[PDB]
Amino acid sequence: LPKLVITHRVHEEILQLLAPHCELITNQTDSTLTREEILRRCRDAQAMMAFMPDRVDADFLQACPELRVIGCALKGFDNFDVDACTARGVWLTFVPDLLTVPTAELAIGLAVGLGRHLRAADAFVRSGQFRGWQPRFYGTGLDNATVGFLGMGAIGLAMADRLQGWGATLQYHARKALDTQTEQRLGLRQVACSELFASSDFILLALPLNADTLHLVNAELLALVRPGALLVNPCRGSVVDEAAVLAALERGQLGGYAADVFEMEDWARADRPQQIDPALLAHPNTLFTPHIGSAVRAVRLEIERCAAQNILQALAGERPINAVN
C-alpha cells in the first residue's frame, strides 16, 4: 500500500476513506509538527496531504524521492514551489475556491461584533452584572454608514453581496476596476485610496499580500480616518502595519480593529513580528480570530475530501482533477 502522510488532523471520514488505499501516517492532534518531524515521516512516502502551515520547497522534495503527489487542503501558491514540484515529477493539487464564502461571512460577523462591542457586551452579561436595560452601551451599526472596501476580487464581492439590504453606502478602491454592470448591481462606487480612508465608517480589507501591498495600511493612511472608524482585516496580516494600527487605537482615532490574520504568520519576511503585540491583544477596541476564515465544518470536510480524491487519482496513475502542474 502506497504511504500517505497527513500533516494535520482530519475528520475520521477522511481516514476511513483513505485507509483501504493507503498506509496512513497521521497527525490526529491540534498541533503543527516541526519541519524535521514532517521530513522524517515523508522520507519514503508516496503521498502527502498538506495544510496551510506546510511549506514545500525544492529542498523538501529532494529529501522525499518516492513522493508522487502532494494533495493540498488549500488554494494558495505562496508556500509551495510549483515549478520545483513539476521538475521532480510530483503532482501538486489544490482545492476549488470553497474558502471565500465562509471568510466573507466571518468578516461581516466581525464588523457587527466590533461595531457593537460584542466582546465587552458578552463579558458584562457573563459576569452576573446584568440587572436590566440601561441607557448606555452604545455602538455603531451598518445602516446609513459608509462601508469602504480596499480590494474588490473574490472576498470583496462576497462581502458586498452579503451587505445588500443592510442600508449602507458601499464604496471601493482596487487595482482593477469592476465592470459597470457589477457596480450598479451591487451599488458599489469606485473611489481613490486616500478618499476611501478619509470617508469610510467601516473599512473592510479585501486585497492579497504582495511586495507592493506589504504594509499598505500604514500610519499615513490611518491618519486620514474619521475618529471612531472601524477597520476589519480578513485577508493577510501584513497588508497592515500592526504597530501603526495599535498607535491609531491608543490615540483614539481608530475606533476599532478586527482581524482574522496577523503579521506573525507571514513567514517569508525576514523581520516579521514573532508574536502579536501583547498591547494590541489587550486593547478593548478589538476583536480577534485565529485564522478561522474557512473554519466551517462542511467546508473543511469538503476541502479534505477534494484533497483525498486528488491523492487517490494520482496514486492510481491518472492526472488529478485539480492538478496545478
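Quick note: we count residues from 1 along the sequence shown, nothing fancier.
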**Complete:** For 159 to 167 versus 192 to 200, entry-based mean Cα B-factors point to 192 to 200
**Mean C-alpha temperature factor, higher of 312 to 320 and 12 to 20** = 312 to 320
**Request:** Between 122, 105, 97, 183, let me know which has the highest C-alpha B-factor in the entry?
**Result:** 183
**Request:** Among the candidates 39, 279, 295, 50, give the one with the maximum CA B-factor reported in the record.
**Result:** 39
**CA B-factor ranking of residue 117, expressed as a third of its chain** = lowest
**Request:** Using the B-factor values recorded in the entry, state whether the Cα atom of residue 34 falls in the lowest, middle or highest third among the modelled residues of its chain.
**Result:** highest
**Item:** residue 250 CA temperature factor, ranked by third within the chain
**Value:** middle
**Message:** Lowest, middle or highest third: which one holds residue 129 when the chain's residues are ordered by CA B-factor from the entry?
**Reply:** highest
**Complete:** Chain thirds by Cα B factor, record data; residue 78 belongs to the highest
